[PDB]
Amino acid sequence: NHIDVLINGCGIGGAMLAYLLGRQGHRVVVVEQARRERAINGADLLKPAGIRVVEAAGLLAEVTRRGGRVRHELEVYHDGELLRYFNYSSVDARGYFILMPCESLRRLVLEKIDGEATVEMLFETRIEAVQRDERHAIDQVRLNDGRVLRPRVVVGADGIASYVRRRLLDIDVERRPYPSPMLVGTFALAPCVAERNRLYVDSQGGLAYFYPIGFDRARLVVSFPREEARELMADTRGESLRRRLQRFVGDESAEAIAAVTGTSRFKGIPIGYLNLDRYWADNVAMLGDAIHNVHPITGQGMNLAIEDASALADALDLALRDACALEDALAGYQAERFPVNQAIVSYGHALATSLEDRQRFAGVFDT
């Protein structure tokens, strides 16, 4: 019943890790509490560092074949006037980003895992209990199907409310909510949205970000102070939201506003602030939202899960092929990822708290 790696969670992070380890013939069991087909919804953005992972995994061609869109521009408006235009390819030819729904990319990765004979995905399954040895390493894990496994490594890829973090590592994280929630809705695609990503903010705390997703749809991500957000979502025919948008979204995006036909299909987006001091202990390591939570205004939640998965796959491959001890590989993982994750967590908070103040917001961008 010896395996190399037990991964708790089959989100984008855990799926990517499973796939990269499986490609090397490592014996992997992935435990996921949900059904495989549970349509989750998540982040839509891949940044250059995430794209590098997807490309190295051999998946980049397939991403655009399945509705992923290459982009290299963003317009940012404040109080209806253009504050910044960013052209990410204006120095770096490979500066581009990709818009790809998390669930589409995850389905692609699962299709690859289906072809890897050393990886076993267990859906509608959870860990029940673990047993530690005299060195304090997890050596036996019992699942709620009664299966017992003996993994060399246990990974928490189990997201924002990580079971591994809370129940195996005994970490409690301080909750510090933001006063403005964020919501995302999917609408018909207007030509203006097809043309260029446009982010709008105003001095009263409003945010509206319009961008295309898949072949023939568009997202609108909004943020308002909580009580206002409540009132705008309550008028379900969308008239209050559309008129609030018209206060800070100019006519370039008028057709995108008109596409907002109601509010009933908006979904909340979680908003945390976290970067754990330790990404690992003993033979247990964590990735993605289990270890950090970035403000979703950064767009980077999926991207950082993928970057972490790739780093952790590198570290675990070294340890499992006996190129170094596990504790040294896990320390190297943390050395590599902690600074990157820390910068984006700090930057997300700096963006979210500067929105209303035009000069400060611009200053956060310039870095």
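All residue numbers refer to positions in the sequence shown, first residue = 1.
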query: Residue stretch of maximal mean CA temperature factor, 269-277 vs 226-234; finding: 226-234
query: Stretch with the greater mean C-alpha B-factor as recorded in the entry, comparing 126-134 against 79-87; finding: 126-134
query: From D202, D289, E73, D92, residue of greatest CA B-factor; finding: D92
query: Selection from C102, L143, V164, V184 [criterion: highest C-alpha temperature factor in the record]; finding: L143
query: Lowest, middle or highest third - CA B-factor, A350; finding: middle
query: Where the record places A39 (Cα B-factor, split into thirds across the chain); finding: highest
query: Ranked C-alpha temperature factor of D114 among modelled chain residues, by third; finding: middle
query: Modelled-residue ranking by C-alpha temperature factor, third containing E195; finding: middle
query: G156 - which third its CA temperature factor falls in, relative to the rest of the chain; finding: lowest
